Q: 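Below is a structure I'd like to ask you about.
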Amino acid sequence: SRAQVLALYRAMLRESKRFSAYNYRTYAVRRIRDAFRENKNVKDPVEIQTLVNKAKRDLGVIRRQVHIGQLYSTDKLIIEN
Amino acid sequence: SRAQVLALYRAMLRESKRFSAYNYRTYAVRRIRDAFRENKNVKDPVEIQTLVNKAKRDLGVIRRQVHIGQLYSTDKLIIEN
Amino acid sequence: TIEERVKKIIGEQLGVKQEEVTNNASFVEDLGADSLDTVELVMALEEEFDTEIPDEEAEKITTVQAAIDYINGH
Amino acid sequence: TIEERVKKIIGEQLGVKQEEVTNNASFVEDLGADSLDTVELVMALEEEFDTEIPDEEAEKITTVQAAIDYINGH
Amino acid sequence: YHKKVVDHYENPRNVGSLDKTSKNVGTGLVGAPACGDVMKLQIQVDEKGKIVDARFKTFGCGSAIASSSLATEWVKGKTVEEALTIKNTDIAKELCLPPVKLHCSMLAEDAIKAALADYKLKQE
Amino acid sequence: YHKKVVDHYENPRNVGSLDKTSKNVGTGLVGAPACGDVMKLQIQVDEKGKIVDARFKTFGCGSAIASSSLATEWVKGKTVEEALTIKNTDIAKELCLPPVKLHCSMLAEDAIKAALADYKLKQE
Amino acid sequence: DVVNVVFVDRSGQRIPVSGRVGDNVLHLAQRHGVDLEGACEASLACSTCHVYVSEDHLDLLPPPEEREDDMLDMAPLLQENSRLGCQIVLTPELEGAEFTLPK
Amino acid sequence: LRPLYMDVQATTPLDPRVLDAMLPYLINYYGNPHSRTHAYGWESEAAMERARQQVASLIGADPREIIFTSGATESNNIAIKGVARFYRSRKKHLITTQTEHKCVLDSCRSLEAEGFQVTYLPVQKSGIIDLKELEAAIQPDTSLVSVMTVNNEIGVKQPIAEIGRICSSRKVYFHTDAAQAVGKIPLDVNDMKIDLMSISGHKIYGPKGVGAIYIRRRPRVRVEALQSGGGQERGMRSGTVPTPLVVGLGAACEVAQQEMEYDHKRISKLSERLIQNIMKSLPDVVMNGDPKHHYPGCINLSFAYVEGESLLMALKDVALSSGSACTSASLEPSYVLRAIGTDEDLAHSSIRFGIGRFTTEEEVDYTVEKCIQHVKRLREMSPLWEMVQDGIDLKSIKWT
Amino acid sequence: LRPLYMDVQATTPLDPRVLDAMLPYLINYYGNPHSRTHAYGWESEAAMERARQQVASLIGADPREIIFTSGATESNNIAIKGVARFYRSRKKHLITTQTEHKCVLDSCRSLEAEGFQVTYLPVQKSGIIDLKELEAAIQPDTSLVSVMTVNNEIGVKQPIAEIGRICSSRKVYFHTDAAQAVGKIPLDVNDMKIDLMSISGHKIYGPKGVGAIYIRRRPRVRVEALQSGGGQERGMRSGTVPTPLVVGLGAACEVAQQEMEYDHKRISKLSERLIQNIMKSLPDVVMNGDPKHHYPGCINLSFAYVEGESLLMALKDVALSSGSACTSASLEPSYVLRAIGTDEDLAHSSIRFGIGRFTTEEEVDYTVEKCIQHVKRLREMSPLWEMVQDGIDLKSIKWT
Ligand SMILES: *P(=O)(O)OCC(C)(C)[C@@H](O)C(=O)NCCC(=O)NCCSC(=O)CCCCCCCCCCC
Ligand SMILES: *P(=O)(O)OCC(C)(C)[C@@H](O)C(=O)NCCC(=O)NCCSC(=O)CCCCCCCCCCC
Ligand code: FES
Ligand SMILES: [Fe+2]
Ligand SMILES: [Fe+2]
């Protein structure tokens, strides 16, 4: 299931980099990197499938929230300059 | 005026017919039609321009709310069958 | 039948009782419809017949004959 | 210079101190990087050089030389 | 609403009436203590001591309509003595009635008892 | 925060100090740290009756810092008698200070008067 | 034209004070040694002339002004019989009125 | 397929314009409006002031007279309990009606337990109070009079302006529960001489969990605060003001002010359609409450010899409400219908239809057709209908 | 460009996972959860029960012990006032601390006016209560003890479990305000022997205007309801339950339960970075509160000889808070800092920094840099700094 995990990871990162808000963008990139590093050595296929389903739900939420934050966006932060 | 108003009317109707919810779709179509019927005999150019600006702002609201309602959609009503 | 479907759509949109609609009656002069009426008639045609009518052809559609010709051609 | 920019991107992504990165060093064997590091390195290359790299070419990019060749060609 | 209550209303069982002038029919007509629930339950007896028909008409809530329907169904096919064993707890158990809904079951039991008393009084 | 106050802090004018031993320098020091506003308004007088230099150091909110700065700016160029004419109302009017911030204008005026009194007493 | 009132210092001691019509309650107190402050000197900005008016005489007072009410709602320990002493003017209707100084 | 919604008196759907106004504060402008040292707080406070002005503009008031609450329950508690407790030393008597909402009625019952005296005014069979009875009920120690503007059960309108004139002549504070009236019938606090008004966001196509109370400042009505805390909202309601909710309430009030005349015309026509089409096809159907002083959006009909909750169960594709005691958690009969002199048998037969901003003619016609068919099916089932059709009077028959 | 947000103790941004869970009930599921006759009401009710189970799961309770409110202000009012009034006939005495939130303190003062006796416990310079004084302050007449879990101003943590053990030994109800602790440090109502607990939605990345109170059922704790009405929320809080808000609160609680450990280690790392980098650069900077019983997310520092509001106005690109009388509308000095024995000079000098679920190292570094440069500039402008550097003791100097 290596290919499905590398593809979902790439989708989830390329999705999170399109967050309009700095706090949400930085959070989602950092959390996904940390979460997938945390589960690199998990052996049980049932647990690996449960994690892959939660990641899919997480990706759906990120898609909807990124779109909505594009619809209602504000100015960039002072750190972003 | 005749061309811009007719173009804005068609855009507003097109956008409103894409509402996922029955109540919002029907209300938006009826309201747009009724308002344009009510203001058909206005002669003041300033009043006409103010009405056009209001309708443009409502077109923006309609676009955003149609999208968010497409992101979060539910089952149809018993009457739509 | 394209003819009957177009006539039915026009009659339902403009309230012409299915009898007044002919092959040479205009939307505005013959039947009682303004421009607000037309934008809705053309949109109903686009809904029934799946076709994205361009603005240039839509402003050309002024009569029942023109609407029938456009629908039959496309 | 494409050479220096690509080497800088790889060094910043994988922590190779800008000295270990060579023209024949592999991402996984030579440098310390797993398959979660190389996905992000490829995406960083796509960010710096505006190019939607297909999945086939992305999995073909396994070395600094391969990334250099792809970026120079495209 | 519960599956059985919904089925008992949506699908009628013994909604109707029976001739009161007939000697072989006993009729009950009872009401709720603290709400507007009225049940009419009527049973019929053949030559031997067996119930061959039973009909109901109810003015009340959906649970009351269901209780009356189930009471008619359970009364049909039994004798007077076997019907006297029907209790509100059994009807409530079958319909899964919540605590606010036992007035319907108690009304159905009262209707059964009243009809059986009417049968005995008229057959005397 | 009000634009005038923000400008007074963001662009300092006469922050500093002056020699206390010099006979031609008056020193004002009003407010208490426990209260939260402390000002050090210092003026300099030339041979004739004219103020030629002024410095301030203020411990307090933006409004207190602006009040001290404006007091120093308005003090420079006047004489002792003309400096005595400055009231807290003028400072509050210029800085548009809300009523909660009226202490900053009162304490700037007190610093002005304390510095002038120190100058007179030490010039005696 | 002499009106007798009663002041009630915080202790609860009653201080009978004699006054005339056309006077100010806050000042009448100051002359007769009642601990009423008048910090803002009747400029309607302090709430220190706060007083509780007797139940019977309360409606005989004129309705308060907008700034009087604006000061009262910030005045501590507000009651339904609260007015500001620097706005009550002695009148013949106020005979026997009792002014209590809030704690 | 989901059922149709005809229960607008219980709650309303959110207006999409209201949600569009709300979402920016749910995404980017999340600061605390009481934060005084930074821009997040500044922008939140400015949005809150804009909303306050919108509500005051809808009801014809000064913005300083508007206090945000968590709903009309909280608004009614603040009005009744705060006035009663503040004016306690001299005024120990309260006046309300027998047909008021339960938040008001329960506040009055708790004050009765607290040592106050409460008169509950009866209403006439039309649902309207007698002004002469109101004038007779006022005592020299009366503190408050509380009459709702639009009844949430039967939709009858009280003579608010006349009541306010009487209260001002007698020097008694006048509170009105306007949760069912705001944004639907004209309101002017100065023309009607209102002293306190309750407002609910989710009755006017706004968000749930927010409301407002109007408190007159000239002459100054004062209340004793119920929620202790940091002194927000002029000290009358402590706690953090929920900026997205108050922004939504302001947006709803602005939309209602713009839409009200069009909505009322449309709703009156649809209400007439529903009532006439039900009456022309069913015998022995009665409307509860007087049509002459009636809000058309709230329709209450009793279908004789049919039980209300069984009719509701039959109409599974239409969301409605009933006054039947069998729909209550505690088996509580309808006190409003008891108050307006309805027979209990017909009070168990009462159905409330709600027509609102988004209701459609197709929905109305569907509801009428379903109601006709199912009432006919249940009457054929009912013993009361059997006896009535068989030449028997219900009153004469013994019941056990 | 907008400033950085470093004020999580005032309020938090909405979590996108919370807004995602909320939106369906803001668009489609708009029914009233107390409507028990149709599907809109049924689905709203089901969502409400799901959220109740989520809150109970976070705090280790049974769902029947969770009551939704409009916020922690209302929760604190309900706990303190309702318990005191329910047990008034035998117990007329309450215990709290001097460093409590003002909703708790103001409820206690209002009860003190209504006839109760209230003891305000001092705290040590660390900001932690001493259990011997807590033991010695308990009367046979004692009703309630109210001690908060995490202080909102300085971030100290009280020994909640020990307090609960003492209260249960003395047979006294124990309430804790946990509005700064929920979702941030582990909580278990049964292990800490807690009887009542207050919860706030917008302190845990949930929506504003919603809260909850935990009320223990075994042994049963009873309260006197403050908000009168139709008996919703088991009769303890009447009014319509705001379904989108409670759904958001439950979603936030579930997210907090899933993210607590990860968040805590990251926030601890960031707080260490902030404190070390500031202390490493500026002399005479002091942390308020004990580091041994301290929540890392709330950092309170004093910058000697610089006024807090002046530093806050200098840091126009970072959102923060102070403890200055000058930063208050009432010109009220910080009573928490007064209670922990802070010099009045240093109380006007304190600044509160907040680190939360969305803080980045980049923002922490920017804040530290800006603070260092502006503290140096303000010190170069301070007369107190001039005197201190010029061999003068502040205490000996006469001040007027
Ligand atoms: P046709 O015979 O050429 O006539 C068409 C027009 C209207 C162009 C023509 O009659 C004309 O020129 N009349 C002069 C005045 C005019 O053009 N009127 C139009 C003004 S713009 C207007 O009234 C827009 C109304 C705003 C719509 C708001 C809808 C709200 C929806 C909210 C949903 C959530
Ligand atoms: P590569 O060196 O070949 O290694 C890649 C992987 C990890 C696939 C490889 O090491 C492997 O096969 N490991 C075996 C088990 C495994 O793949 N585990 C990972 C399971 S997927 C996972 O961990 C999903 C995490 C969910 C993301 C949640 C974060 C979303 C945040 C939402 C807030 C906005
Ligand atoms: S004296 Fe200051 S307000 Fe009356
Ligand atoms: Fe029943
Ligand atoms: Fe100050």
Side-chain angles (χ1 to χ4, degrees), chain H residues 2-3 5 7 10-14 19 22 26-27 30-32 34-41 70-74 76-77 81 101-103 106-107 109-110 202 207-210 225-231 238-245 309 312-313 318-322 327 329-330, chain I residues 2-3 5 7 10-14 19 22 26-27 30-32 34-41 70-74 76-77 81 101-103 105-107 109-110 202 207-210 226-231 238-245 309 312-313 318-322 327 329-330:
Chain H
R2 301 170 60 77
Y5 195 84
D7 203 12
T11 186
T12 52
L14 196 59
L19 181 51
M22 270 175 85
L26 292 167
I27 305 175
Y30 53 81
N32 198 316
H34 317 301
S35 291
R36 325 152 47 63
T37 74
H38 60 74
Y40 294 87
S70 91
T73 307
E74 196 194 353
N76 287 314
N77 282 249
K81 289 173 182 184
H101 202 256
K102 293 179 179 179
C103 31
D106 210 41
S107 304
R109 280 192 317 171
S110 65
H202 74 107
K208 320 158 154 44
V210 68
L226 313 177
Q227 202 154 278
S228 290
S238 274
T240 303
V241 179
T243 295
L245 298 183
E309 181 255 351
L312 281 193
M313 210 151 98
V318 183
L320 293 160
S321 212
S322 176
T327 57
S330 95
Chain I
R2 304 174 58 76
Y5 193 84
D7 202 10
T11 184
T12 53
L14 197 61
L19 185 56
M22 269 172 68
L26 292 169
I27 303 177
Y30 57 81
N32 187 323
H34 320 295
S35 293
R36 33 196 278 124
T37 76
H38 56 78
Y40 291 78
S70 59
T73 312
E74 197 198 353
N76 282 334
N77 274 259
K81 288 176 181 186
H101 201 256
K102 293 179 179 179
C103 43
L105 288 185
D106 204 55
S107 304
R109 301 160 190 126
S110 84
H202 70 105
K208 277 157 199 62
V210 65
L226 296 184
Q227 188 156 294
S228 282
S238 290
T240 305
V241 176
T243 304
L245 297 186
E309 206 191 315
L312 279 192
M313 200 204 60
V318 183
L320 291 158
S321 291
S322 175
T327 37
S330 296

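Below, read A as the first sequence line, B as the second, and so on, with proteins coming before strands; counting in each chain starts at 1. We use all heavy atoms of the structure for the numbers below, so side chains are in, but hydrogens, waters and symmetry mates are not.
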Q: Would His202(I) and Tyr30(H) count as a side chain to side chain contact (heavy atoms under 4.5 Å, CB included) here? Give the steps.
A: CA-CA 10 Å; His202(I) 70 105; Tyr30(H) 53 81; over 6 Å; no
Q: Quick one: NZ on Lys81(I) to CD on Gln227(H), what's the gap to the nearest 0.5 Å?
A: 8.0 Å
Q: What part of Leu245(I) is in contact with chain H, defined as an atom under 4.5 angstrom from a non-hydrogen atom: side chain, backbone, both or neither?
A: side chain
Q: If you tally heavy-atom pairs under 4.5 Å against chain H, which of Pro244(I), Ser70(I), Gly41(I) wins?
A: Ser70(I)
Q: So, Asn32(I) side chain and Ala10(H) main chain: donor-acceptor pair closer than 3.5 Å or not?
A: yes
Q: With a 4.5 angstrom heavy-atom cut-off, is it the side chain or the backbone of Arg2(I) that approaches chain H, or both, or neither?
A: side chain
Q: Given that the side chain runs from C-beta out, which part of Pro13(I) has a heavy atom under 4.5 Å from chain H: side chain, backbone, both or neither?
A: both
Q: Which atoms form the tightest heavy-atom contact between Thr327(I) and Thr37(H), and what is the distance?
A: CG2-CG2, 4.0 Å
Q: With side chains defined as the heavy atoms from C-beta onward, is the minimum distance between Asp106(I) and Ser238(H) less than 4.5 Å?
A: no
Q: For chain H, which of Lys208(I), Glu309(I), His101(I), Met22(I) has the most heavy-atom pairs under 4.5 Å?
A: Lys208(I)
Q: Heavy atoms only: give me the nearest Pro3(H)-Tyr40(I) pair and the separation to one decimal.
A: O-OH, 3.0 Å
Q: Begin with the C-alpha distance, continue with both residues' side-chain angles, and end with the deciding distance and a verdict on side chain to side chain contact (heavy atoms under 4.5 Å, CB included) for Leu226(I) and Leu226(H).
A: CA-CA 8 Å; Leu226(I) 296 184; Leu226(H) 313 177; over 6 Å; no
Q: Identify which part of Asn76(I) has an atom lying under 4.5 Å from any heavy atom of chain H, answering side chain, backbone, both or neither.
A: neither
Q: Looking only at the side chains, is there a donor atom on one of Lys102(H) and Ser228(I) sitting less than 3.5 Å from an acceptor on the other?
A: no
Q: Given heavy-atom pairs under 4.5 angstrom as the criterion, report whether the side chain, backbone, both or neither of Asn77(I) touches chain H.
A: side chain
Q: Taking the side chain as C-beta and beyond, is there a heavy-atom pair between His38(H) and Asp7(I) under 4.5 Å?
A: yes
